[PDB]
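Novice: any chance you could fold what I've pasted below:
(chains A, B, C, D, E, F, G, H, I and J, ligands or ions: 1)
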Amino acid sequence: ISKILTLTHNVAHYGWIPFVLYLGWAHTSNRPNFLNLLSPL
Amino acid sequence: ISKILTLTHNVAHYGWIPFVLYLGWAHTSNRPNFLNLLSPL
Amino acid sequence: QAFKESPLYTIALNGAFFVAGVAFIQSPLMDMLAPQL
Amino acid sequence: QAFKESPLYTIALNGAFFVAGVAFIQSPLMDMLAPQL
Amino acid sequence: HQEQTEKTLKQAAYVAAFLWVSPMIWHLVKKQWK
Amino acid sequence: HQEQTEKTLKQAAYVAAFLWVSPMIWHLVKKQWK
Amino acid sequence: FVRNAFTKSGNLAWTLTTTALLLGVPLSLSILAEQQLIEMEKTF
Amino acid sequence: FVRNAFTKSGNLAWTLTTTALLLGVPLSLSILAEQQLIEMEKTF
Amino acid sequence: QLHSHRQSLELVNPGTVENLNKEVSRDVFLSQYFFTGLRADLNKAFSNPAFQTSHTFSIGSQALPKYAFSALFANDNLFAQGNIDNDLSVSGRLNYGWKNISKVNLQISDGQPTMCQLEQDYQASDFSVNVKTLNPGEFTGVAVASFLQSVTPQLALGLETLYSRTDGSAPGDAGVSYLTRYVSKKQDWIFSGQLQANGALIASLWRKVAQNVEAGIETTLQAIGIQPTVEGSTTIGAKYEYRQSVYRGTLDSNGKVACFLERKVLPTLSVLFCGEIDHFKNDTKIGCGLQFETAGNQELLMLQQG
Amino acid sequence: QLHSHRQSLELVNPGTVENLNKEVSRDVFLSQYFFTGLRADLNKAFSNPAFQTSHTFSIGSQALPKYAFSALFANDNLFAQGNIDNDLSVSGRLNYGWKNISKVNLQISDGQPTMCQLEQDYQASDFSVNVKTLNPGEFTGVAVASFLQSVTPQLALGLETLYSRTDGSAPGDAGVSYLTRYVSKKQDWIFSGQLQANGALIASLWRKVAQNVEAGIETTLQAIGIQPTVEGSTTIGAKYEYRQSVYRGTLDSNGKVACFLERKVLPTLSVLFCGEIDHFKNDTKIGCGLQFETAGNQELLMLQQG
Ligand SMILES: CCCCCCCCCCCCCC(=O)OC[C@H](COP(=O)(O)OCCN)OC(=O)CCCCCCCCCCCCC
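Specialist: Numbers count the residues shown, from 1 in each chain, chains lettered A, B, ... in the order given. Coordinates below:
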């Protein structure tokens, strides 16, 4: 029963940085698709 | 008697770099006195 | 070296560096180092 | 790794690097890297 | 061990000092004007 | 030790090879023109 | 497997981009130092 | 003595001139980068 | 009966406890900008609610990852971040500042289990309050409060406590401190001060010279009959801001010098350099590297040139 | 009888044995310009018979003195030098080139007793000869001769010997080598070659691209039944000369890169930078520093500006 207190911490271990990209993907003119994980342009 | 073969090598140990300054001291317009051992001007 | 090993040696050292240092800041000498152009 | 420990492994390695390298120099590809301006 | 018995009053005097001084320094403007 | 006895003729053959080839390669322009 | 087929080809994308930032960026500063001079003296 | 009264005051002329080449030369490059700009835009 | 006599002519509010010594230690002293190896980070921005995406490479630096992705997002009232590096370590921050803002700073590692925080603030025109805990019959962890307010139009002083308890069946300690800050008469030299636990004390000031030149001094004194062990370090800095250049550089007691130039040779690219000489062991560290940005929107890059 | 048939249409003379591989190894490969710490040398000149006086500071470099005075003097036919450093070590060189020039290179240290040399040259329009000894019933030391001449208007090949004898009552050895050099048809790619003692061999070339771009490759193969131990290293360089900038930079086998920029930002002052990444141990070296000159005569400094 105590594992959910530790399984909650293992949700943020892999599912927090992808949440931040989804926020500002909508707060633009909503163009780009995969250029955001790319260095030149 | 053999010391003069070693005392000759101890003449160049202290008396060679001051010889080079005396050569080009004459091959100028013969102005400077002590500015040559000086960094700014 | 009879007092350089004492603990009170450093707290008189750095405290003396503050006083002359803070006088160097509040000064017209420190105004000179700012270039006017 | 039965021949990577042999002494003849390196003298075939660097000798193969010379041939493709010297072809890279004498080439119009090497002319391209000189900027025209 | 009687250390943990008196440590609870060692600690309780520490926060009780903060209970005096922050109401004390709440209103020094009402008295610094002499 | 007889090593130092024959080493002087080990070394003397080395400079004698140089004595042949540098006069040999002195004048290959006078014969490369066939 | 996953823990071998990525990191053995993830480290390869490092060495080809700490190289091209080391031999290419000092060259790129030196072009502009000759680029802007050929047009400043083109104006006169 | 000679081997003490010079080297104990020869090393002092080192530390006062590897300091003034370290805190003074990056400052001197930054003046000229603002010096030449204030006259290039004075011409126009 | 006595409240309204003085609360009509006064009460400018001071800054927070974090920004007490901000104007010297984190502005004119380079102790957080320094590095050792080579590093070259680059970041595309396509913002108004902003957006960034920064990468970072580094080599031979002893305190830096060899890769670091990032992101952020900040509209009129929010904040976020994210920072994953070469093997695995995730970070994150939040702000929800409706005047009482409220941060959360999580920090996951692998060898060390889990770091968490929480914060608070309040600025009610004459005083500031900072409330901060750490990771928590079970009242465990660290909990720090504070207080700071101003009693004259130039001076302000307050204090802060703490309460640290670990090790399970262990009572726990509680330290204390004292703070102070003086502002000059017309926007000039700001003398700060501090007196934390275990004897250590800080002092500083910040003289604003003519247009873009600053100054600053700092001084720390940190302290079986071998326990009195004091130490000291007095540092002196300056900073010469210009257009398209920034230069700062300090020197101190016990033998050190430092320098930090940043010369932006493009509209959108800049290099830097930082190096240090020690004068006891006679050994030196030199670090250099670049930093530049671009754009990803189809017209944002058109609106930075002209 | 046979001499005058070919000695009227031919016989351009080749360079010396020292300048055999000069146009690649000491021109486009930075293996003698590199350093590690900081260094900042400066030199006043008041020359026509020239004159210089150079100082040199360095710190944290593992192969450099922390001070080095110098001087030189060179009229139409003479040369001299001098180089004293921090504790004591004196050097010196001479030239008296009336066509057979004749150098002397003395080198005094303190832990190692005394180094001496002597040299010679001869250039008689179709061949070159280098004669060199070292410090000498007493025929002791090293003695090196050479020969090099050209048999076609583009090719040249010769050889050189040596004779090393130390340890008093010891006979001494004598190695041998072979040399070669080919020139292109119209002032272009120059293939050199070498085959020295103990198996080692060198190969190189040098393509002159359009205006100011070069190239170059180099290759060495240096070699109780554990004695066959060969090794190899193939390097590739380039050099981009410009007005008021010089850039070169190589990369090779077994994992290394290098770069060397020199950007002269004044008429009479210049900075430089050089750094290297290893890709096995993943560790790096960074060195930077400046170099500038001035004048000491009352009118020579007036004739470098305009
Ligand atoms: C793994 C990924 C790594 C990527 C690595 C990339 C590194 C690239 C670093 C580039 C640095 C190149 C240095 C350089 O070129 O200097 C240029 C700059 C001045 O050039 P400007 O364009 O400003 O000139 C304008 C013309 N009026 O000058 C400067 O910027 C400042 C340089 C100052 C040098 C100061 C020398 C200090 C001397 C110390 C003395 C020591 C004595 C003990």
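Novice: and residue A:14, what does it touch?
Specialist: Not one residue lies near residue A:14 by C-beta atoms under 8 Å, 6 or more residues apart in numbering or on different chains. All C-beta spots, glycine's among them, are computed from the backbone N, C-alpha and C.
Novice: same thing but 10 Å
Specialist: I:84, I:88, I:90 (C-beta atoms under 10 Å, 6 or more residues apart in numbering or on different chains).
Novice: can you check residue I:54 too?
Specialist: With C-beta under 10 Å, 6+ apart, residue I:54 has these contacts: I:41-45, I:68-72, I:83, I:291, I:293.
Novice: please narrow the contacts of residue A:14 to those residing in helices.
Specialist: Secondary structure from DSSP state H places none of the contacts of residue A:14 in helices.
Novice: between the residues you listed, which is closest to residue A:11?
Specialist: Residue A:11 has its nearest neighbour among the contacts of residue A:14 in residue I:90, at 11.3 Å by C-beta to C-beta.
Novice: what sits against the closest one?
Specialist: A:12-17, I:82-84, I:106-109.
Novice: hmm, which two among these are most spread apart?
Specialist: Longest span within those, C-beta to C-beta: A:15 and I:109, 17.4 Å.
Novice: verify the stated contact: residue A:38 with residue I:46.
Specialist: No: if you go by C-beta atoms under 10 Å, residue A:38 and residue I:46 don't touch, sitting 11.8 Å apart.
Novice: can I get the CA coordinates of stretch C:5-22 in CSV?
Specialist: Provided in CSV are the C-alpha atoms of stretch C:5-22 (Å, rounded to 0.1, in the frame of the first residue of the first chain):
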residue,chain,number,x,y,z
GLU,C,5,50.3,31.5,15.5
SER,C,6,47.7,33.1,17.7
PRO,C,7,44.0,33.0,16.6
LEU,C,8,43.6,36.7,17.3
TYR,C,9,46.2,37.5,14.6
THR,C,10,43.8,37.0,11.7
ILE,C,11,40.8,38.8,13.2
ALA,C,12,43.0,41.9,13.5
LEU,C,13,44.4,41.3,10.0
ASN,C,14,41.2,41.2,8.0
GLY,C,15,39.6,43.8,10.2
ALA,C,16,42.4,46.2,9.4
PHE,C,17,42.0,45.5,5.7
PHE,C,18,38.3,46.5,5.8
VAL,C,19,38.9,50.0,7.2
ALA,C,20,41.5,51.1,4.7
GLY,C,21,39.6,49.4,1.9
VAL,C,22,36.3,51.1,2.6
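Novice: how about the residues of chain A near chain G?
Specialist: residue A:39 (C-beta under 10 Å from any C-beta of the partner chain).
Novice: tell me where chain A has helices.
Specialist: Counting by DSSP H, chain A has helices at residues A:3-7, A:17-26.
Novice: could you do chain C as well?
Specialist: Going by DSSP H, chain C shows helices at C:8-25, C:28-32.
Novice: among those, which comes closest to chain H?
Specialist: helix C:28-32 (14.9 Å; C-beta to the nearest C-beta).
Novice: so what's residue 21 up against?
Specialist: Reading this off chain A. Counting by C-beta under 10 Å, 6+ apart, the residues that residue A:21 touches are A:36-37, I:51, I:53, I:71, I:73, I:82.
Novice: not quite, I wanted chain I
Specialist: I:27, I:179, I:181, I:190, I:192-194, I:202-204, I:206, I:218.
Novice: from residue I:31, how far out is it?
Specialist: 12 Å (C-beta to C-beta, to the nearest Å).
Novice: for residue E:16, pull up the helix or strand it's in.
Specialist: helix E:3-24 (DSSP states H and E).
Novice: circling back to that earlier point, identify the contacts common to residue I:21 and residue I:31.
Specialist: residue I:218.
Novice: what's across from the residue in the stretch 201-306 of chain I positioned nearest to chain J in the sheet?
Specialist: Nearest residue of the stretch 201-306 of chain I to chain J (C-beta to the nearest C-beta) works out as residue I:284 at 4.3 Å. Following DSSP bridges, residue I:284 is listed with bridge partners residue I:277.
Novice: neighbours of the residue nearest to residue I:41 when sequence neighbours are not counted, how many?
Specialist: Distances taken as C-beta to C-beta, 6 or more residues apart in numbering or on different chains put residue I:56 closest to residue I:41, at 4.1 Å, once the chain neighbours are dropped. Residue I:56 has 19 neighbours, counted by other C-beta atoms under 10 Å in any protein chain shown.
Novice: can you classify residue I:56 by secondary structure?
Specialist: Secondary structure assignment for residue I:56 (DSSP: H, G, I helix; E, B strand; the rest coil): strand.
Novice: surely it and residue I:67 touch.
Specialist: Yes: counting by C-beta under 10 Å, residue I:56 does reach residue I:67; the two are 6.9 Å apart.
Novice: overlap in contacts of those two?
Specialist: residue I:85.
Novice: OK, contacts around the residue nearest in space to the middle of chain E?
Specialist: Centroid-nearest residue in chain E: residue E:17, 1.1 Å away (criterion: C-alpha atoms, centre = their mean). By C-beta under 10 Å, 6+ apart, residue E:17 lies in contact with I:159, I:161, I:174, I:176.
Novice: which pair of those spans the longest distance?
Specialist: Between any two of the contacts of residue E:17 (C-beta to C-beta), the greatest distance is 12.8 Å, for I:159 and I:174.
Novice: picking that back up, higher neighbour count, residue A:38 and residue I:46?
Specialist: Taking other C-beta under 10 Å, residue A:38 and residue I:46 do not tie; residue I:46 has more neighbours (21 against 12).
Novice: what is the neighbour count of residue 23?
Specialist: Since you didn't name a chain, this refers to chain A. 15.
Novice: sorry, should have said chain G
Specialist: 17.
Novice: and for residue I:245?
Specialist: 21.
Novice: so who does it touch?
Specialist: H:26-27, H:29-34, I:261-265, I:270.
Novice: sec struct for the closest residue to residue I:203 other than its chain neighbours, please.
Specialist: Excluding the flanking residues, the one nearest residue I:203 by C-beta to C-beta, 6+ apart is residue I:219, at 4.9 Å. Three-state call for residue I:219 (three-state DSSP): strand.
Novice: could you verify my assumption that residue I:25 touches residue I:202?
Specialist: Yes: using C-beta under 10 Å, residue I:25 is in contact with residue I:202, at 8.7 Å.
Novice: can you count the residues close to residue 1?
Specialist: Let's take chain A. When neighbours are counted by other C-beta under 10 Å, residue A:1 comes out with 4.
Novice: was after chain I, sorry
Specialist: 4.
Novice: and it, that one's in a helix?
Specialist: No: assignment of residue I:1 by three-state DSSP gives coil, placing it outside any helix.
Novice: state the distance from it to residue E:30.
Specialist: Going from residue I:1 to residue E:30 by C-beta to C-beta gives 11 Å.
Novice: repeat for residue I:288
Specialist: 57 Å.
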